[PDB]
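Below is one structure, written out as structure tokens; comments come after it.
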There are 4 protein chains.
Amino acid sequence: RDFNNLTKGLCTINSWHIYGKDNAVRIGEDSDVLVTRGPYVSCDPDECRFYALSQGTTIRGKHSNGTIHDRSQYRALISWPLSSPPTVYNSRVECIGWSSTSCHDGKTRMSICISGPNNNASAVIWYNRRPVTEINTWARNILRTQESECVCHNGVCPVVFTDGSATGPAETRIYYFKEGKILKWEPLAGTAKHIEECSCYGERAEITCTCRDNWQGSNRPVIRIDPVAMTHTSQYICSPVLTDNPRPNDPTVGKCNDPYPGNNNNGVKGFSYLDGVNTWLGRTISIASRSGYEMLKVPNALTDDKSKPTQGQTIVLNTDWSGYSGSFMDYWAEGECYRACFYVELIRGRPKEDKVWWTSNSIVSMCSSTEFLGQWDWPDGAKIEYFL
Amino acid sequence: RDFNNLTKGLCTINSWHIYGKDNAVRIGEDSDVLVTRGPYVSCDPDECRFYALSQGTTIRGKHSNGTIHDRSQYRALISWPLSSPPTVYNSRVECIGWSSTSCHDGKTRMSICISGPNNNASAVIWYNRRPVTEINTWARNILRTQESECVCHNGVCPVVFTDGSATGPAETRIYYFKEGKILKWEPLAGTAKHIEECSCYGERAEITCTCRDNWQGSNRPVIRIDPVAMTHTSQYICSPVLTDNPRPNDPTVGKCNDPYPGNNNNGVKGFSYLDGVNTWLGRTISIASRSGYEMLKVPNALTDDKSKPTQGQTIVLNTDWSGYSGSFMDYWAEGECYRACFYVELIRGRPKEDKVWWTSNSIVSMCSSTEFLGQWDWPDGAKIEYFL
Amino acid sequence: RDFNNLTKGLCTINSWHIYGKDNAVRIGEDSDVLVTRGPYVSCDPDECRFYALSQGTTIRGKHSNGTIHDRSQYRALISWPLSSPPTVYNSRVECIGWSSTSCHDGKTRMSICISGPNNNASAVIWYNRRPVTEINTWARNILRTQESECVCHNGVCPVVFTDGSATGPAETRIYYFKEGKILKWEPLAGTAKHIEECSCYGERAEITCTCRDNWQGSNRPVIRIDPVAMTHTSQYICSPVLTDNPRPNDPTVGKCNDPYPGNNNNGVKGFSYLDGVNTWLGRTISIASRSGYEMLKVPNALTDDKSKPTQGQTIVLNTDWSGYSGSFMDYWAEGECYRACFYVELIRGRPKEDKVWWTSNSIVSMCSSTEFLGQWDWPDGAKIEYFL
Amino acid sequence: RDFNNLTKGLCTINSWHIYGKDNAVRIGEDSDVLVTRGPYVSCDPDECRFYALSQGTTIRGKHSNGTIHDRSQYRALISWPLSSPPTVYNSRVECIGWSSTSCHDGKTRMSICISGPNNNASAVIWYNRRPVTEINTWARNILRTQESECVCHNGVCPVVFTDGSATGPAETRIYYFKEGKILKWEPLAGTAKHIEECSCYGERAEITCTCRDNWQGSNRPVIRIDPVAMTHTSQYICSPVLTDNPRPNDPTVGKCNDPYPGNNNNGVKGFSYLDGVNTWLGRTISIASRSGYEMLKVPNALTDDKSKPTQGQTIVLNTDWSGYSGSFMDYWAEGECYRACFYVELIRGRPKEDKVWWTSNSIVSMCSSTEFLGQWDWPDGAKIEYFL
Ligand SMILES: *[C@@H]1O[C@H](CO)[C@@H](O[C@@H]2O[C@H](CO)[C@@H](O[C@@H]3O[C@H](CO[C@H]4O[C@H](CO)[C@@H](O)[C@H](O)[C@@H]4O)[C@@H](O)[C@H](O[C@H]4O[C@H](CO)[C@@H](O)[C@H](O)[C@@H]4O[C@H]4O[C@H](CO)[C@@H](O)[C@H](O)[C@@H]4O[C@H]4O[C@H](CO)[C@@H](O)[C@H](O)[C@@H]4O)[C@@H]3O)[C@H](O)[C@H]2NC(C)=O)[C@H](O)[C@H]1NC(C)=O
Ligand SMILES: *[C@@H]1O[C@H](CO)[C@@H](O[C@@H]2O[C@H](CO)[C@@H](O[C@@H]3O[C@H](CO[C@H]4O[C@H](CO)[C@@H](O)[C@H](O)[C@@H]4O)[C@@H](O)[C@H](O[C@H]4O[C@H](CO)[C@@H](O)[C@H](O)[C@@H]4O[C@H]4O[C@H](CO)[C@@H](O)[C@H](O)[C@@H]4O[C@H]4O[C@H](CO)[C@@H](O)[C@H](O)[C@@H]4O)[C@@H]3O)[C@H](O)[C@H]2NC(C)=O)[C@H](O)[C@H]1NC(C)=O
Ligand SMILES: *[C@@H]1O[C@H](CO)[C@@H](O[C@@H]2O[C@H](CO)[C@@H](O[C@@H]3O[C@H](CO[C@H]4O[C@H](CO)[C@@H](O)[C@H](O)[C@@H]4O)[C@@H](O)[C@H](O[C@H]4O[C@H](CO)[C@@H](O)[C@H](O)[C@@H]4O[C@H]4O[C@H](CO)[C@@H](O)[C@H](O)[C@@H]4O[C@H]4O[C@H](CO)[C@@H](O)[C@H](O)[C@@H]4O)[C@@H]3O)[C@H](O)[C@H]2NC(C)=O)[C@H](O)[C@H]1NC(C)=O
Ligand SMILES: *[C@@H]1O[C@H](CO)[C@@H](O[C@@H]2O[C@H](CO)[C@@H](O[C@@H]3O[C@H](CO[C@H]4O[C@H](CO)[C@@H](O)[C@H](O)[C@@H]4O)[C@@H](O)[C@H](O[C@H]4O[C@H](CO)[C@@H](O)[C@H](O)[C@@H]4O[C@H]4O[C@H](CO)[C@@H](O)[C@H](O)[C@@H]4O[C@H]4O[C@H](CO)[C@@H](O)[C@H](O)[C@@H]4O)[C@@H]3O)[C@H](O)[C@H]2NC(C)=O)[C@H](O)[C@H]1NC(C)=O
Ligand SMILES: *[C@@H]1O[C@H](CO)[C@@H](O[C@@H]2O[C@H](CO)[C@@H](O)[C@H](O)[C@H]2NC(C)=O)[C@H](O)[C@H]1NC(C)=O
Ligand SMILES: *[C@@H]1O[C@H](CO)[C@@H](O[C@@H]2O[C@H](CO)[C@@H](O)[C@H](O)[C@H]2NC(C)=O)[C@H](O)[C@H]1NC(C)=O
Ligand SMILES: CCC(CC)[C@H](NC(C)=O)[C@@H]1[C@H](O)[C@@H](C(=O)O)C[C@H]1NC(=N)N
Ligand SMILES: CCC(CC)[C@H](NC(C)=O)[C@@H]1[C@H](O)[C@@H](C(=O)O)C[C@H]1NC(=N)N
Ligand SMILES: CCC(CC)[C@H](NC(C)=O)[C@@H]1[C@H](O)[C@@H](C(=O)O)C[C@H]1NC(=N)N
Ligand SMILES: CCC(CC)[C@H](NC(C)=O)[C@@H]1[C@H](O)[C@@H](C(=O)O)C[C@H]1NC(=N)N
Ligand SMILES: [Ca+2]
Ligand SMILES: [Ca+2]
Ligand SMILES: [Ca+2]
Ligand SMILES: [Ca+2]
Ligand SMILES: [Ca+2]
């Protein structure tokens, strides 16, 4: 195998088709399904799999009580076959920790898991399923990373990390790994003022990451990385179609180089595909909670501060719970272009559904089509009442 | 691997021997077995597997309530090892949707799943376990397909779809795929007046499909496809041995080019092997409900409108529930001929057994023998009373 | 791969060491373990596995009620990893039926399963996991076979079948298969008067089978097969150490060419290794029930009608339940000789333990050592009281 | 594949990073997890796995009652994927017995399991998953071995066994195996007065084992083996930092060639890495019970009888239960040095938590880092109250 190179551009996105859905919470009501959160999808050259942060207990287990908590010693990055649920018996542990990223470089996979107390966390970088490099916290305040796949080009796999306050200036770093080793790292540059949980994809030797400004911005920060030069830039999506959550109502003009104000100290992981007129943004339908999910075609959203939608697709109705969302692509597919894909985490339980004592999720994921396909909505589908 | 070619003829069918049986409902009374319906069997060059449409819940799970419903967002085409039950832990998701077909072309497998609301469904064609082509609804009324395996010849795998009313004229199309891409498609031609759920097999470079006329006919429509010319014909099985269900009592003369009347707007997926004197038809024993199942040798059934049985084999007694049935063959077996095989879906639960709130099934499947073997009957075997 | 040839002799048996044990009934009290009976062990060139006739239900399942019954449509030959229990999720179905045999010829495996009603059963011979040949009942009275592995030599795998009364003269046949096809078959010859459930092994191009005379004999019938000439002989173990069950007390002189009398119309599958002074016989300790199990070294047992034990090893105490037993060897091991192995079925439930409504078993298996090792006893280990 | 040779030295240990954790007891509260004890970790050239002695029952099963007992016929050495829990469905049985060791030589794996009554136990040595050699008890008093991985060099895999009293002089032997066969064996020599459960690792063609003096010493005995010469030496860790348990408080001068007194007839399996200034010792935090676990850097601990700690890392708090601990390394990793690793058994249930009737454990394991990483504590995490 040779390292994969990002030689293709994105396929034209005219609509989104169903790719995978695990129905985990439904199935887990009567089977040994692990409690998770922070899911994602990532492909190897011969298979694509679902990934997530386990909570080290089944949903029906008594240890499901208290799983709203984010960082415990019982969490691990697990992967499992596409569209099956994350069960005790089919889940493969990639590494131990409560924050992660993972990507295949064409030869083998790199997985990164961070663990530890808030003031003393460390990342362990695994490559070819063995630990290779370790990075200690630099700001002693919840060292943390993407929560979705990283992207590689000719062996170089950039990864975005943040350490420091989630509600003020923090220390974000872009690490350039190759075979699990650090080639270089750089501090964040550009006009993004705060970075969290970047969702990335690659095309034509450029990696684009759409992140979460948890401090002040309801528009999303964007980091664009050149994996050959090992350099990057940052800005915000200019469009007035705001895609974080919670967020204020959409204005008619956005902000390119500063956080769009109105909501502080909160957000949700999200993503976008920024490709000139072939630009599609995801977002929750609700401006107040993680409810609903839609894709909007917003030509030149990255650079046009008045850009509005020209087409759309509802993924999850506003009467259904959503959650994190992120990008991934099958870089080893046939054809002349890379097909954009995304997943949506469907969060169930606390804090929105507090009759149960747990927090978990299921996954739904779609990929683009060049056809203009009919739309459906894809809820988690479980009935909370059954778990009482 | 090279694409498989249909170079052999059918083996002589003198009787049927047991091939596989999963006992899913029995086992599922106390194990994590998924609720399914619309099962089938399909072989790869190195393995044969069971397939079905999951309902995204176990049978003992509380989400089993309401599984009589046909089309939900929680369904998926799953496959699992021959004769094991479809469990949460061994079921491999092929694609997401509530109508499907799947077949191996000798190099890799094509799987097709349709999803969406009734007026806006779409098919996604997967090839080598990746999405390749998408087809939007053309008649905005439950785009749908075979519910059993497709057949390939030199890479070309024809698939029959229907979109439109299930109880009147509809728009049936024959698509010719190769490597998941559309080479051609044609509207139904010939004298079949309505087509549903075709069951197909191939021999000597011809593909024969036996379908369900849900509108007016109790005789079954037959589509014969030339996968090299990418052309087809259609008619009805001429024989007076009527094989749909429900159906009127058998007459002494059938109809070759029109629906045999007596029962409207209902039917059941079924199949036949039409090979001159080596012709065998399957059918439910009951004319009123999906009860019992038998194979009848009816020489020249396709073309002889007075043809009657010369031999038979009971598969499922009339005091046991049956359901859908369809054809498949192991195209990669040794020997000089293709051995005809079929499965029968054994439906349990609603609507016939309404003391439980679910609907599921188990599978029984047989293949032909050149011997004249003794017969047994093969019920699902589960006791409904145990699930109360 | 080339077909395996029986070029080695047996290793010297000085004692028996533990080889595998699945503890199925213990584990199955709280996990999805299938109800079985008629277990055995068989090796492939790269793995050795446990085999058995499933009853198509878990032990805790409500369908476990009535599993004392021998022949139902819900049975199948299943195999699973050595020493794991036969679970719903790890059991691989080899074929459907209620009587079986299976063996690897060095290239691939042949498995045979018989199914059907008592007066119309048929065997299906599978080879390379595909059905190849079928054999209809010849005496219309429970066509049936070994219940333990068959043995191959240069592709030829002889199999012993019986059809007819279990309590009087019956029609026993020796079939010689190669690649799942019938090369030849012969009626039983020699002085054995009734044959059931033969346990076989091979060494130096000769296959020796120790069987169960269910009609009149408490000594065991022996069939010796030449797989090159495709011919055989039969007699009884001459020794006065009687090894069927139930049986009369041991005399001082046995019978070589006729059934040793005292007990009619009953027996148990068993085995022996007959190799001059290196001869070891297995038997239940009790003369009245399937309780206890011991190995006795009885030099020249086959040909010496006064032969008595010179050494022994207790396998299962007389206060613990035993059951069927049979031979197998790893023909693909390293070294200069074939190591004799055997399994003992540990039957639990009915009819001896009738507080539960099921019948199942676990497995214990040993192989010979050239050392004189200390002995232990190996009970099933489950507490019946827990299942109440 | 060629046999692995110990050509590298240990990497510099500046801290320990999380490697694996299965959370077995937490998950097992509501899933089919086997009861175990005596766990360890061992790598093959392409995978690293968790190992342990099963008790042949699930934790929630009724057969969990009485699992404080050490030696039953229902135990087996099982292995399972790194960081998953030992479940009924994913656990692979390596051999049957209640004491074990296992190691890969670069070509295939050797596993050794001992079974039998106290006065008549025997070891069976498996190689390439087949039984090859057997060793009968030599002192008729619980023949027993390491309970953690063995180490190989150019095919030679030394293994330490003990037979005789656990509370007085016993007969310890060092066996040198190659391809499962005995090349040589030697009686213990040197100044160690009693040896139990050695934890070993290899570097630069030398194998170092840290053991448990169950008779008189609270300092640990050390055996150093030359696998080429097939010779060894023994002594005690000279340091006053005492690492057995229970144990007296630390003195200021230890003992190099005799047991450090104060506590008799008890101990716990443990380990160390003895590499000049790069020396790290593990131990329970409590001097009285198996509670807590810490790593201490004690330069020249092996040879300096006044050596004290210069650095440390807490692994398990003193308010959490610990248990056995042992060494392993991935000998097939990339790079120029071998990364030291260890596991800690987290024992739950009896005798410390007697509200439940079982005894089981979970696993936590770490490997060294050349960075100075922040520390966290890693408890088992299960709530006993949930199992009541
Ligand atoms: C069969 O399936 C097909 C294919 O899916 C179906 O066809 C699809 O139908 C969709 C629904 O109508 C349609 O999606 C919409 O597309 C609009 C763009 O098209 C229109 O404008 C362009 C440009 O002028 C024209 O060329 C075009 O012809 C159309 O006229 C989007 O604008 C739509 O999104 C907006 O509306 C929805 C509500 O429906 C919001 O949820 C969404 O966020 C957008 O509106 C908010 O945002 C904008 C931008 O700032 C604001 O201006 C606006 O006021 C809204 O703001 C409020 O709401 C947001 C969200 O809560 C909040 O943040 C904010 O603060 C405010 O409170 C929508 O995307 C598909 O394009 C169409 N596809 C095709 C191929 O045709 C077909 O219907 C199906 N058939 C049947 C029979 O069912
Ligand atoms: C051991 O096993 C062996 C092997 O299996 C057993 O032998 C098998 O025995 C079977 C049962 O007898 C037998 O199957 C029958 O074969 C008949 C054909 O053979 C006869 O006719 C030919 C032609 O003349 C002769 O050459 C031959 O020698 C025989 O005489 C079929 O005709 C049979 O099917 C009909 O009967 C059954 C009821 O038994 C129906 O279920 C079936 O649908 C057929 O009848 C309906 O349909 C016809 C056609 O239209 C009508 O004319 C008729 O009135 C019936 O219609 C009503 O019912 C249907 C169904 O509900 C409904 O739709 C309709 O409207 C009406 O209400 C049957 O297939 C096997 O061939 C034979 N095999 C061999 C190799 O011998 C042996 O018995 C076993 N031994 C023991 C001891 O058990
Ligand atoms: C550590 O482990 C080692 C290794 O396992 C242990 O050593 C083993 O000890 C075993 C038990 O003593 C021993 O097994 C016995 O071997 C006898 C043969 O040896 C003796 O005879 C020879 C020949 O003369 C001498 O060379 C030799 O030195 C000995 O003296 C067998 O004869 C024994 O079997 C008979 O006894 C047992 C009861 O213990 C029966 O269950 C068994 O069926 C045999 O007896 C029945 O059958 C014979 C034959 O027909 C009859 O003559 C007799 O009356 C019995 O018949 C009744 O019972 C049967 C069964 O229910 C019934 O069908 C019938 O109708 C009648 O009712 C036994 O096999 C091992 O060989 C020995 N191994 C070694 C290597 O030393 C050591 O003890 C262990 N240490 C500790 C401390 O525990
Ligand atoms: C972020 O994470 C980083 C990295 O982990 C954290 O930094 C780590 O902090 C650790 C805790 O302070 C520290 O570990 C200690 O290291 C000591 C060695 O360093 C000191 O001495 C050297 C040599 O002079 C100096 O160079 C150095 O600068 C330091 O001054 C060890 O000595 C420590 O172990 C002893 O203490 C602990 C209690 O904390 C005991 O559990 C342990 O067993 C040791 O003490 C017992 O044993 C000794 C030896 O015999 C006795 O002398 C002593 O009296 C104790 O004996 C009693 O207790 C034992 C155990 O129960 C019993 O058997 C006996 O009988 C007696 O009853 C300890 O290992 C790390 O090295 C340090 N790492 C780095 C890289 O800095 C940082 O804090 C974290 N940050 C935050 C904000 O949390
Ligand atoms: C990705 O690009 C690099 C070139 O920059 C390719 O690397 C060369 O691969 C060939 C085949 O192994 C070698 O002969 C060269 O030495 C490689 N290295 C470089 C840096 O030139 C790589 O093959 C490309 N990947 C694919 C899948 O084509
Ligand atoms: C078992 O014996 C037969 C010989 O009787 C061996 O068969 C020969 O195998 C070689 C290698 O494939 C061929 O060249 C010959 O044509 C084979 N056939 C015969 C009948 O001669 C077979 O190889 C032996 N098996 C092993 C494992 O050695
Ligand atoms: C405190 C910083 C947060 C991100 C801005 C926080 N990340 C971590 C590593 O704890 C996330 C946030 O609290 C949760 C959410 O917003 O859903 C998930 C939670 N993420 C994870 N548990 N992995
Ligand atoms: C409305 C058209 C019907 C076929 C003629 C219908 N097909 C679909 C895709 O819904 C089937 C029919 O209603 C059910 C049955 O007859 O058993 C199954 C049902 N099929 C599926 N749920 N896959
Ligand atoms: C009626 C003939 C019997 C053998 C002599 C009978 N065999 C079959 C195929 O039914 C066996 C016997 O009744 C049972 C036993 O003895 O344990 C098992 C039972 N064997 C199986 N169920 N496979
Ligand atoms: C009697 C000798 C003991 C070791 C010094 C004893 N070993 C065996 C083989 O029984 C261990 C000891 O009793 C237990 C413990 O200390 O935790 C485990 C127990 N070990 C195992 N059950 N494998
Ligand atoms: Ca924000
Ligand atoms: Ca359960
Ligand atoms: Ca009809
Ligand atoms: Ca008898
Ligand atoms: Ca001690």
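Just so you know, the numbers here start at 1 and follow the chain as drawn.
Header entry for method reads X-ray crystallography, 1.9 Å.
Just so you know, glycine gets a Cβ as well, placed from its N, Cα and C.
Among B:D244, B:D250, B:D304, only B:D244 appears in Swiss-Prot as part of the Ca(2+) site alongside B:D213, B:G217, B:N266. A disulfide bond in Swiss-Prot ties B:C341 to one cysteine from B:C337, B:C367, and that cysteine is B:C367. The two recorded residues, B:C209 (disulfide bond) and B:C11 (disulfide bond), show a Cα separation of 18 Å.
The two recorded residues B:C238 (disulfide bond) and B:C337 (disulfide bond) have their Cα atoms spaced 26 Å from each other. For chain A, the nearby recorded positions by a Cβ gap under 8 A, listed in sequence order, are B:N120, drawn from B:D70, B:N120, B:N266.
Listed recorded positions: B:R71, B:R212, B:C367. Those with a CB under 8 Å from a CB in chain C, in sequence order: B:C367. Rounded to a whole number, the distance between the Cα atoms of B:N266 (Ca(2+) binding site) and B:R290 (substrate binding site) is 12 Å. For the disulfide-bonded residues B:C198, B:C209, B:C238, the greatest number of Cβ atoms within 10 Å around a candidate Cβ is found at B:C198. B:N266 (Ca(2+) binding site): 15 other CB atoms within 10 A of its CB, across all protein chains. Sequence-ordered, the extra residues of this chain that approach the Ca(2+) site, with Cβ no more than 8 Å from the Cβ center of B:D213, B:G217, B:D244, B:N266, are B:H194, B:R212, B:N214, B:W215, B:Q216, B:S218, B:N219, B:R220, B:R247, B:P259, B:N263, B:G267.
According to its DSSP assignment, B:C200 (disulfide bond) is in a strand. When the CA atoms are compared, no disulfide-bonded residues among the candidates B:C43, B:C48, B:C150, B:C157, B:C211 lie within 10 A of B:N266 (Ca(2+) binding site).
Under a cutoff of 8 A between CB atoms, and with a sequence separation of 6+ in the same chain, the neighbours of B:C103 (disulfide bond) are B:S42, B:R109, B:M110, B:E149, B:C150, B:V151, B:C152, B:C157. Each of the recorded positions B:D70, B:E197, B:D213 was assessed for Cβ neighbours inside 10 Å, and the highest tally belongs to B:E197. A C-beta separation below 8 Å, combined with a sequence spacing of at least six in one chain, links B:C11 (disulfide bond) to B:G335, B:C337, B:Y338, B:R339, B:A340, B:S368, B:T370. Fewest Cβ neighbours within 10 Å among the binding-site residues B:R37, B:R71, B:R290: that distinction goes to B:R71.
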